[PDB]
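Below is one structure; the comments refer to it alone.
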Amino acid sequence: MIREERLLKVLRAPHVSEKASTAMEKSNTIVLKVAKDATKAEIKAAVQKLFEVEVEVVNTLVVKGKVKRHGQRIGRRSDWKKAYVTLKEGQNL
Amino acid sequence: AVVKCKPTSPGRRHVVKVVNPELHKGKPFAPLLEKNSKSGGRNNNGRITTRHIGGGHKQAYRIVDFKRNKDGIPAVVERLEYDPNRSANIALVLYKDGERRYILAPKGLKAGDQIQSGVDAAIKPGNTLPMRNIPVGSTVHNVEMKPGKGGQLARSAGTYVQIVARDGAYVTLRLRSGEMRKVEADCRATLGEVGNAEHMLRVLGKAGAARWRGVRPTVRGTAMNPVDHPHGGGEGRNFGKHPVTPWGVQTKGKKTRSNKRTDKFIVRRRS
Amino acid sequence: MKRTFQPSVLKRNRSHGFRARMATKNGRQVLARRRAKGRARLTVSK
RNA sequence: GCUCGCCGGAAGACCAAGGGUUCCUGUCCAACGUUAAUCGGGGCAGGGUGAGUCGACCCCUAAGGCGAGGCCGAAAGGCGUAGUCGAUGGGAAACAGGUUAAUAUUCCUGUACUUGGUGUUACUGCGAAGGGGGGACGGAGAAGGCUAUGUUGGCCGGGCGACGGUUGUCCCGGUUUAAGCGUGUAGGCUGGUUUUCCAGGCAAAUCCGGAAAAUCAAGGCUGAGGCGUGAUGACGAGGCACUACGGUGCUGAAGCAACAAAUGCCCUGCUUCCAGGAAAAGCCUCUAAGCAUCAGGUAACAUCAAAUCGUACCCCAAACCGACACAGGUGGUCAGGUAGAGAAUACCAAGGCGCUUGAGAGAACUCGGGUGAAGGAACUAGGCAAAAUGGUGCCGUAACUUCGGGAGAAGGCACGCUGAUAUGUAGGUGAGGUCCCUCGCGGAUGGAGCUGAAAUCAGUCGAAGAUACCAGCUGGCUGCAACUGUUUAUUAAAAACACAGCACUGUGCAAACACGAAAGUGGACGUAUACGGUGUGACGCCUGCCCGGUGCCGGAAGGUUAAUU
RNA sequence: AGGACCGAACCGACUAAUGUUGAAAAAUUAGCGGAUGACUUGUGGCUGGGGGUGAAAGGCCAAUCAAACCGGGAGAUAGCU
Ligand SMILES: [Mg+2]
Ligand SMILES: [Mg+2]
Ligand SMILES: [Mg+2]
Ligand SMILES: [Mg+2]
Ligand SMILES: [Mg+2]
Ligand SMILES: [Mg+2]
Ligand SMILES: [Mg+2]
Ligand SMILES: [Mg+2]
Ligand SMILES: [Mg+2]
Ligand SMILES: [Mg+2]
Ligand SMILES: [Mg+2]
Ligand SMILES: [Mg+2]
Ligand SMILES: [Mg+2]
Ligand SMILES: [Mg+2]
Ligand SMILES: [Mg+2]
Ligand SMILES: [Mg+2]
Ligand SMILES: [Mg+2]
Ligand SMILES: [Mg+2]
Ligand SMILES: [Mg+2]
Ligand SMILES: [Mg+2]
Ligand SMILES: [Mg+2]
Ligand SMILES: [Mg+2]
Ligand SMILES: [Mg+2]
Ligand SMILES: [Mg+2]
Ligand SMILES: [Mg+2]
Ligand SMILES: [Mg+2]
Ligand SMILES: [Mg+2]
Ligand SMILES: [Mg+2]
Ligand SMILES: [Mg+2]
Ligand SMILES: [Mg+2]
Ligand SMILES: [Mg+2]
Ligand SMILES: [Mg+2]
Ligand SMILES: [Mg+2]
Ligand SMILES: [Mg+2]
Ligand SMILES: [Mg+2]
Ligand SMILES: [Mg+2]
Ligand SMILES: [Mg+2]
Ligand SMILES: [Mg+2]
Ligand SMILES: [Mg+2]
Ligand SMILES: [Mg+2]
Ligand SMILES: [Mg+2]
Ligand SMILES: [Mg+2]
Ligand SMILES: [Mg+2]
Ligand SMILES: [Mg+2]
Ligand SMILES: [Mg+2]
Ligand SMILES: [Mg+2]
Ligand SMILES: [Mg+2]
Ligand SMILES: [Mg+2]
Ligand SMILES: [Mg+2]
Ligand SMILES: [Mg+2]
Ligand SMILES: [Mg+2]
Ligand SMILES: [Mg+2]
Ligand SMILES: [Mg+2]
Ligand SMILES: [Mg+2]
Ligand SMILES: [Mg+2]
Ligand SMILES: [Mg+2]
Ligand SMILES: [Mg+2]
Ligand SMILES: [Mg+2]
């Protein structure tokens, strides 16, 4: 039983974009920004308990941060985790 | 069974092969097999310490019974087999109690023959006895040096040892080298000679044949520079010096044995 | 033609990596020298 | 956009390594791009990488590494046992269709499969660090049976032709379907079963190994492909409608056969040879300590779980190694048509490109090529370079020889197209039909249809029929080296090195010898028919004299002679 | 059968021309040798500088080799320019 605090930690932000929106309309999938060390089970439990929604499967990928340049200085953005989590055709979050 | 190849190609013209139809054409007895990877003449420091070793065919090691300490139980020769690890052929024997072992195949030992080891075994080729129990003048092979240690003398193809005399707890033996050596009379010996005596009649025929056996080429010292051999140097072919090893030791007639511990067991040197 | 540097991450890590340096006192002297100089990158590991 | 040209065993597609956002979209043209640039692998901003089944991770080990104690060493350290790591190798499981600007075996649809944990039912002897089996293994060679794939016919849809002809023996296109499950086939291997005993497998074993009985005569395992199902589905030419002109949506015929056929599969097979061809685990089986109306195992069902990391993009290259957007280097897989022996070669398909300065002119000279009167090596150090030869079939072929060769010696003849033999032959493949049985993926016969060389005779066109690309120059005397190999990466490929063979010599095993102050290790899990060193260098005929000098081997009467006393 | 024969891939490097501030700090083009073996190639591993490795050219040991490279003794010494 994953604790309340861990569940409250593992969710960070929704992922807003064209592909995420299309997943929402078509496959009933919401796309999330989650913690880097958050596992599929933790994401599922947190989504179920805080969004009050029923979940069937969680797909995860890690995004590699981009190396950009700020005034001749090298600088890199952080890696992050993105979750494709599918809702079971009755909740419409 | 010594047969020469027809000269269909320059590398076949001089080849002479020894082929035994008596040998087993199938796979060896698996439970008596072990792996032995190759060294290439390199020691545990990784340095070359014996030259001219490398490459060659993969070989599996056959566990061979050099002790023959399973006295009392008879055995039958099941077949003869090719052994890549040695010149001599090996024989698979089945003991009547159900155990199988490899032994060096002596001259004349064929499938179906019986063998036995012990103090009370008959004097016939293949049987092992203490030399205390073997008549003086018997041709033996696979001779122990220390009791219970296993055969160490006369193991190559075609070799044997002559039991010359027996006085005290010691027997005088004549070795293949011509040396006369005293060994303790409790040391076991197998009657007869080692088989495959035609092994020395083979002609390799080509350089690749020596390469298949894991021998790498030998470079004459006189053909290199003085920095890396005592024989090196010269404008054209020159020698002008006494022949030595790559390490400077005279290599035509200088004796190198120095073992005072075993000097007492040598009756006469090979000369 | 075939030049001298043929990259391989595994071989590079095993030859010059942090674990390899730490495995001998001479390698630890290399690390001590590079820390004393102030190197931003001690080894090829990162 | 329409023409043109180039690659197509790549200049196409996909893995691994390596790189790391170069991927996609919007915007910008300062600097970068060998020119311009509206363009870019450039700048700036956003987006994009979805797995129980792919890989890593993980279980198991090779070479090798590290290494508790240990052995050794001024110190630092070296080596190594029990162990523990280490893939380039062994070990469970997923396919087809569809979808984005950029991911897909990961997403959706449909159909599957593996492993484990829990609950129950029924039955029951379970239990390992141990035993046994298995995993588990080389080169070459040969068929046979298949498939990928191709071509042709049939079928379906469309067409009737810019210029003579084209309702046909005509033109164009399509004719696709998996894993899984069921079947156990061409073929490969092995004789089974129930008894009684036993110096073996460290003890035990009912398992393996050995000894004997009786009985039985067919049991067992393995295995491509095919067929049925999967699939009344999906895909499908084209057609109807828009289009923001990028594309979107609906509908949807035929969807069969014959023949040819791999270097892929059966095949970790079979035949054969000598140079004699990993390990460990998973897996199966056997018991010991020990638990024993419990545990624990087997089978059926229910349920839950299969985490984490990688997944964009280049990848024979403008993204990797070469300072460059550099004519260089870079392991594996895929493998269409015509001709062809072919993965050569020429032209093409799918697909991908015109190589990031152009425009004129038509001097010398330079580079890369074509042709050349008469002569034909006169050139030159030297035929350097060029020119020439070049295929298949048949005929024919010398000295010499180690009897294999020399040899493709040399030299010569035929070669296209059409018809007949023969409406398409020899041969190959083979449907029906009939017959039979231990009934099926069975045998005998039968031969329709399909495919199909080569030869002969006769005609026929050209200067020329191996017409292009492709593709030996040949012969004579002689030095050296026997030969195949190797070498001065980057001026030397050779007569130099090596070699099989020969000889001398050392070495009795704790071998000699080598690497190590040592412990150890190699030699070698070898044992004188073996191992090291040295010289010579296939083979043939052979290898003469000198031991004064130097070295090495043996001897110790005498002389001299150290530490020591 | 074969360190057998012709010939692609693949490995090499005999001749010539070009190039020589190169397209390239060793290549290109046309020819050339081997091409089932003493063959070739991937991945990983071992051998360390008076040392290794070497079918032996003083070859090679990261475009460096009759003694690698880096740091130190070090401002070696220089009757020489
Ligand atoms: Mg899923
Ligand atoms: Mg993932
Ligand atoms: Mg030797
Ligand atoms: Mg020799
Ligand atoms: Mg020389
Ligand atoms: Mg010297
Ligand atoms: Mg001379
Ligand atoms: Mg002289
Ligand atoms: Mg073309
Ligand atoms: Mg960028
Ligand atoms: Mg782009
Ligand atoms: Mg510009
Ligand atoms: Mg860009
Ligand atoms: Mg210790
Ligand atoms: Mg160690
Ligand atoms: Mg180990
Ligand atoms: Mg391990
Ligand atoms: Mg691996
Ligand atoms: Mg893509
Ligand atoms: Mg077919
Ligand atoms: Mg092949
Ligand atoms: Mg991709
Ligand atoms: Mg360069
Ligand atoms: Mg360019
Ligand atoms: Mg390039
Ligand atoms: Mg290559
Ligand atoms: Mg081609
Ligand atoms: Mg001109
Ligand atoms: Mg010209
Ligand atoms: Mg010309
Ligand atoms: Mg003309
Ligand atoms: Mg002329
Ligand atoms: Mg003329
Ligand atoms: Mg003439
Ligand atoms: Mg002349
Ligand atoms: Mg002249
Ligand atoms: Mg002249
Ligand atoms: Mg020429
Ligand atoms: Mg020419
Ligand atoms: Mg004809
Ligand atoms: Mg002359
Ligand atoms: Mg030669
Ligand atoms: Mg040659
Ligand atoms: Mg050179
Ligand atoms: Mg050269
Ligand atoms: Mg030893
Ligand atoms: Mg010589
Ligand atoms: Mg000679
Ligand atoms: Mg050959
Ligand atoms: Mg040849
Ligand atoms: Mg070379
Ligand atoms: Mg070339
Ligand atoms: Mg060839
Ligand atoms: Mg160099
Ligand atoms: Mg020096
Ligand atoms: Mg000083
Ligand atoms: Mg100075
Ligand atoms: Mg002076």
Side-chain angles (χ1 to χ4, degrees), chain A residues 17-19 22-23 26-27 39-41 59-64 66-67 82 84, chain B residues 6-14 17 28 35-37 39 41-50 53 55-61 72-73 82 84-87 94-100 145 152-159 175-177 179 181 196-197 199-200 203-213 216-225 227-228 231 242-247 250-257 259 261-262 266 270, chain C residues 1-11 25:
Chain A
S17 85
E18 189 276 331
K19 182 182 175 146
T22 300
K26 182 191 287 283
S27 198
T39 72
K40 281 168 175 167
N59 283 319
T60 59
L61 67 90
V62 183
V63 188
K64 317 309 180 294
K66 276 177 181 177
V67 164
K82 157 158 80 189
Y84 288 102
Chain B
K6 284 191 178 177
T8 48
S9 56
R12 287 291 279 208
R13 176 183 305 273
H14 300 292
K17 67 215 294 197
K35 73 182 268 280
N36 59 332
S37 296
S39 73
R42 274 89 167 160
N43 80 338
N44 58 354
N45 295 335
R47 301 273 189 91
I48 291 163
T49 71
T50 300
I53 299 180
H57 209 293
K58 195 177 187 181
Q59 297 160 343
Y61 182 69
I73 302 101
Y82 178 85
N85 296 282
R86 71 193 71 258
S87 47
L94 169 66
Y95 284 101
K96 293 181 176 66
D97 68 335
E99 190 190 13
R100 280 190 176 85
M145 297 193 96
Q152 285 184 294
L153 317 177
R155 284 155 39 144
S156 292
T159 52
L175 309 185
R176 280 299 302 188
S177 63
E179 201 199 66
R181 191 200 172 81
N196 196 24
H199 157 80
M200 49 174 179
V203 177
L204 282 183
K206 55 173 193 153
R211 300 301 302 274
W212 300 336
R213 283 144 168 97
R216 295 202 81 241
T218 296
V219 179
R220 297 161 301 114
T222 197
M224 64 184 73
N225 296 113
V227 59
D228 50 59
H231 296 179
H242 299 114
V244 297
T245 70
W247 301 276
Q250 189 275 331
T251 193
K252 296 289 180 68
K254 184 172 198 305
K255 297 186 191 331
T256 52
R257 166 195 177 84
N259 179 300
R261 185 170 50 80
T262 76
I266 311 297
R270 58 186 206 287
Chain C
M1 284 73 74
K2 181 180 199 185
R3 294 307 169 195
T4 50
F5 181 51
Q6 303 306 318
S8 158
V9 172
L10 187 52
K11 273 168 82 161
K25 65 90 176 179

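Letters A, B, ... mirror the listed sequences (proteins, then strands); counts begin at 1. When reading the values below, keep in mind they use all heavy atoms of this one structure, side chains included, and skip hydrogens, waters and symmetry mates.
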For [N], does OP1 or OP2 lie under 4.0 Å from any side-chain N or O of [X]?
| X | N | answer |
| --- | --- | --- |
| B:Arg47 | E:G48 | yes |
| B:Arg270 | D:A528 | no |
| B:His199 | D:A530 | yes |
| B:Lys255 | D:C553 | no |
| B:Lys35 | D:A63 | yes |
| B:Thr262 | D:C509 | yes |
| B:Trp212 | E:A38 | yes |
| B:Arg155 | D:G526 | yes |
| B:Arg257 | D:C509 | yes |
| B:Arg86 | D:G526 | yes |
| B:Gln152 | D:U527 | no |
| B:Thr8 | E:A4 | no |
| B:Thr251 | D:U505 | no |
| B:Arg213 | D:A275 | yes |

Does the D:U53 / D:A364 combination count as a Watson-Crick or G-U wobble pair, both distances under 3.5 Å? no
By the rule that syn is within 90° of 0, classify the base conformation of [N] as syn or anti.
| N | result |
| --- | --- |
| D:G558 | anti |
| D:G98 | anti |
| D:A359 | anti |
| D:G159 | anti |
| D:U429 | anti |

Which way does the sugar of D:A325 pucker, north or south, judged by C1'-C2'-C3'-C4'? south
Work out the sugar pucker of E:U28 as north or south, treating a positive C1'-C2'-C3'-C4' as north.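 North, since the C1'-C2'-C3'-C4' torsion of E:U28 has a positive sign.
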Base paired to [N] (Watson-Crick or G-U; both N/O distances under 3.5 angstrom):
| N | answer |
| --- | --- |
| E:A23 | none |
| E:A30 | E:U15 |
| D:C384 | none |
| D:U564 | none |
| D:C146 | D:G264 |
| D:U445 | D:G433 |
| D:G139 | D:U272 |
| D:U486 | D:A496 |

State whether the distance check finds a donor on one side and an acceptor on the other, under 3.5 Å, for side chain [X] versus base [N].
| X | N | value |
| --- | --- | --- |
| B:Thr50 | D:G522 | yes |
| B:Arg211 | E:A38 | yes |
| B:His14 | D:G501 | no |
| B:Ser177 | D:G508 | yes |
| B:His231 | D:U534 | no |

Rounded distance in Å - [atom1] ([X]) to [atom2] ([N]):
| X | N | atom1 | atom2 | answer |
| --- | --- | --- | --- | --- |
| B:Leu204 | D:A500 | CG | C1' | 7 Å |
| C:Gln6 | D:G331 | CD | P | 11 Å |
| B:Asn44 | D:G516 | CG | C1' | 9 Å |
| B:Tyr82 | D:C273 | OH | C1' | 12 Å |
| C:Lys11 | E:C46 | NZ | P | 10 Å |
| B:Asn85 | D:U527 | CG | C1' | 14 Å |
| B:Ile53 | D:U521 | CD1 | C1' | 13 Å |

Once each nucleotide of nucleotides 48-53 of chain D is scored for protein heavy atoms under 4.0 Å, what B/S/- sequence comes out, 5' to 3'? BSBS--
Nearest-nucleotide 5' precedence on RNA chain D, C:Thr4 against C:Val9: C:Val9
Take B:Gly158 and C:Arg3, find for each the nucleotide of RNA chain D with the closest heavy atom, and name the residue whose nucleotide sits nearer the 5' end. C:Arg3
In whole Å, what separates the [atom1] atom of [N] from that of [M]?
| N | M | atom1 | value |
| --- | --- | --- | --- |
| D:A346 | D:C259 | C1' | 29 Å |
| D:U103 | D:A312 | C1' | 8 Å |
| D:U487 | D:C469 | P | 39 Å |
| E:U40 | D:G332 | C1' | 15 Å |
| D:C267 | D:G225 | P | 11 Å |
| D:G554 | D:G558 | P | 22 Å |
| D:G523 | D:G516 | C1' | 16 Å |
| D:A453 | D:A339 | P | 12 Å |

Do B:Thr262 and B:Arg257 have side-chain N/O donor and acceptor atoms under 3.5 Å apart?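 Checked: B:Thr262/B:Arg257 side chains pair up, N/O donor to acceptor below 3.5 Å.
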Where do B:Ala157 and B:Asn196 come nearest, in terms of heavy atoms and distance? CB-O, 3.3 Å
Beyond-backbone contact of B:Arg181 with B:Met145, side-chain heavy atoms, under 4.5 angstrom: yes
Could you check whether any side-chain heavy atom of B:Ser37 comes within less than 4.5 Å of a side-chain heavy atom of B:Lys35, counting everything from C-beta outward?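 The answer is yes; the side chains approach within 4.5 Å.
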Looking at D:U303 next to D:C304 in the strand, do their six-membered base rings stack, centres under 5.5 Å and planes under 30°?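 Pair D:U303, D:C304 comes out stacked.
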Between D:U27 and D:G26, is the stacking condition met, i.e. ring centres under 5.5 Å and planes under 30 degrees? yes
Aro-ring/base stack B:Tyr95-D:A199, d under 5.5 Å, angle under 30°: no
Does the side-chain ring of B:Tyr61 lie flat on the base of D:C525, meaning centres under 5.5 Å and planes less than 30 degrees apart? yes
Pick the nucleotide of RNA chain E nearest each of B:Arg42 and B:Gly205; which residue has the one closer to the 5' end? B:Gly205
